[PDB]
Structures are given as structure tokens and as C-alpha cells.
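Visitor: This structure is in C-alpha cells; I'll ask about it shortly.
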Amino acid sequence: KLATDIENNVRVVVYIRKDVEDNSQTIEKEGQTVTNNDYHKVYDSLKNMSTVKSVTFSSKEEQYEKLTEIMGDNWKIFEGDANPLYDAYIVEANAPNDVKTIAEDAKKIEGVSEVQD
Ligand SMILES: CCCCCCCCCCCC[N+](C)(C)C
């Protein structure tokens, strides 16, 4: 059994604003590698909810690889361009009934772009 395998009825997906790097520990400033003060701001608010069991980062890169894996071949015409997908956290609720509450509080976290239940 693996951690990234969560049942449909208890999964909430939390999409991160495209200009927030919640999973990046360091960023570039003045040519140096320095602390990202916004690191895990969204992660921690989700992890602090009493009804959530796990929160796992899913990058936009990873989401596109899996899409090409599940559907046919890569989507060649977009290969030169930026990835338009959103980084996301995959949140596991403690019970199905907690999902609607989790998704509502999640949209109120600053940095959260959208939440899918
Ligand atoms: C409105 C929704 C339409 C969006 C469809 C876009 C498909 C994403 C392809 C990204 C490939 C870029 N690449 C190679 C760097 C990962």
C-alpha cells in the first residue's frame, strides 16, 4: 500500500495560484539561492485541519506526465510552451462527510486558486 493512493469519496484536490510556489524551499533573489518565506504556507493550513489525514504535493509537471501515460502519446503541438496546469495538493479526508467542509475552508486559504471535491 502506498501513500499517494486515496479513494475517490475522500479525496479533495487543492489547486495553487500560478504565482505561488508552496512546495519550493528556496527561490532566486539577487542571483543567490535564498529561503522562500512562502514555503508550505498552504500545506500547513491544510495539514492543520483536524479532519484531514494527509496532504501530498502533485506538481503540474507530474500531472501532465500521468495524463500522457493514461491517454495516448504526448500532446506534441504544445511541447515548446509553458505547462498551463496548476500545482496541487491531494488532500485525504478522515471521512466522506468531512469533504465538503474541507473544500470550503480550503478555498479561503490565501494562495489557493481553486478546489475540486
Ligand atoms: C483550457 C485548457 C486547455 C489546456 C490544454 C493544454 C495541454 C497541456 C500541455 C502542456 C505541455 C507542456 N510541457 C511539455 C512543458 C509539459
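Residues are referred to by chain and number: the chain letter is A, B, ... according to the order shown in the C-alpha cells, the number counts from 1 in that chain, and ligands are numbered separately from 1 in the order shown.
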Grab me every residue within 10 Å of ligand 1, counting only C-alpha atoms and all ligand atoms, and send it over as a list in words.

Guide: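 What falls inside 10 Å of ligand 1 is residues 60, 61, 62, 63, 64, 65, 67, 68, 74, 75, 76, 77, 78, 79, 80, 81, 82, 83, 84 and 85 of chain A.
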
Visitor: Report as a PyMOL selection string all protein, DNA and RNA residues lying within 9 Å of residue 24 of chain A, evaluated on only C-alpha atoms, omitting residues in the same chain fewer than 6 positions from it.

Guide: chain A and resi 36+38-40

Visitor: Using the selection just defined, write its residues with C-alpha atoms as a PDB file, in the first residue's frame.

Guide:
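Saved as selection-v2.pdb:
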ATOM      1  CA  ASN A  36      11.229  31.061   0.234  1.00  0.00           C
ATOM      2  CA  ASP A  38       6.050  31.458   1.496  1.00  0.00           C
ATOM      3  CA  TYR A  39       7.167  27.818   1.715  1.00  0.00           C
ATOM      4  CA  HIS A  40       4.416  25.455   2.884  1.00  0.00           C
TER       5      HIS A  40
END

Visitor: Find, counting only C-alpha atoms, the residue in A:30, A:92, A:98, A:105 that gets nearest to residue 4 of chain A.

Guide: A:92

Visitor: Can you pull out the residues contacting residue 12 of chain A? Cut-off 8 Å, using only C-alpha atoms, and skip same-chain residues under 2 positions away; I want them as a ChimeraX atom specification.

Guide: /A:10,14,90-93,99,102-103,115-117

Visitor: Do a neighbour search on residue 110 of chain A at 12 Å with only C-alpha atoms, toss out local chain neighbours closer than 3 positions, and write the hits as a tab-separated table (two decimals) with N, CA and C atoms, in the first residue's frame.

Guide:
chain	number	residue	atom	x	y	z
A	14	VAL	N	-6.63	20.50	-4.18
A	14	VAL	CA	-6.48	21.92	-3.88
A	14	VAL	C	-5.46	22.49	-4.85
A	15	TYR	N	-5.91	23.36	-5.76
A	15	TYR	CA	-5.04	23.94	-6.78
A	15	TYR	C	-4.43	25.24	-6.29
A	16	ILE	N	-3.14	25.42	-6.55
A	16	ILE	CA	-2.36	26.53	-6.01
A	16	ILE	C	-2.28	27.61	-7.08
A	17	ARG	N	-2.38	28.88	-6.66
A	17	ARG	CA	-2.23	30.00	-7.59
A	17	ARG	C	-0.92	29.89	-8.35
A	19	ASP	N	1.29	31.81	-9.30
A	19	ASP	CA	2.43	32.63	-8.89
A	19	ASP	C	2.91	32.32	-7.48
A	20	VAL	N	2.39	31.26	-6.87
A	20	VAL	CA	2.80	30.82	-5.54
A	20	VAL	C	3.53	29.49	-5.69
A	22	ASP	N	4.40	26.91	-3.35
A	22	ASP	CA	4.23	26.45	-1.98
A	22	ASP	C	5.19	25.32	-1.63
A	38	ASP	N	7.40	31.97	1.69
A	38	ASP	CA	6.05	31.46	1.50
A	38	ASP	C	6.00	29.94	1.44
A	40	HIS	N	5.33	26.29	2.10
A	40	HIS	CA	4.42	25.46	2.88
A	40	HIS	C	3.33	26.25	3.58
A	41	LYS	N	3.13	27.51	3.20
A	41	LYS	CA	2.02	28.30	3.74
A	41	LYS	C	0.69	27.60	3.52
A	42	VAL	N	0.47	27.09	2.31
A	42	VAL	CA	-0.78	26.40	2.01
A	42	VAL	C	-0.79	25.01	2.60
A	43	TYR	N	0.33	24.28	2.46
A	43	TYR	CA	0.46	22.95	3.04
A	43	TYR	C	0.07	22.97	4.51
A	44	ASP	N	0.63	23.91	5.28
A	44	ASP	CA	0.44	23.89	6.73
A	44	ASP	C	-1.01	24.14	7.13
A	45	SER	N	-1.70	25.06	6.44
A	45	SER	CA	-3.10	25.35	6.75
A	45	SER	C	-3.98	24.13	6.48
A	46	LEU	N	-3.71	23.42	5.39
A	46	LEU	CA	-4.42	22.17	5.12
A	46	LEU	C	-4.10	21.12	6.19
A	105	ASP	N	-13.28	25.40	3.55
A	105	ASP	CA	-12.20	26.08	4.24
A	105	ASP	C	-10.97	26.23	3.33
A	106	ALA	N	-10.75	25.26	2.44
A	106	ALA	CA	-9.56	25.31	1.60
A	106	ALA	C	-9.60	26.48	0.62
A	107	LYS	N	-10.78	26.80	0.07
A	107	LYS	CA	-10.83	27.91	-0.87
A	107	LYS	C	-10.51	29.23	-0.17
A	113	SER	N	-5.98	28.67	-5.55
A	113	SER	CA	-6.68	29.19	-6.73
A	113	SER	C	-8.07	28.59	-6.85
A	114	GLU	N	-8.18	27.27	-6.70
A	114	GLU	CA	-9.44	26.57	-6.83
A	114	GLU	C	-9.35	25.26	-6.06

Visitor: For a test of reading the model, state the distance in Å between atom CA of residue 94 of chain A and atom CA of residue 11 of chain A, rounded to one decimal.

Guide: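 Computing the Euclidean distance for atom CA of residue 94 of chain A and atom CA of residue 11 of chain A yields 9.6 Å.
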
Visitor: Mind giving me the straight-line distance from atom CA of residue 57 of chain A to atom CA of residue 31 of chain A in Å, one decimal?

Guide: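 Computing the Euclidean distance for atom CA of residue 57 of chain A and atom CA of residue 31 of chain A yields 27.0 Å.
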
Visitor: What does the structure give for the distance between atom CA of residue 101 of chain A and atom CA of residue 25 of chain A, in Å to one decimal?

Guide: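 So the two atoms, atom CA of residue 101 of chain A and atom CA of residue 25 of chain A, lie 29.1 Å apart.
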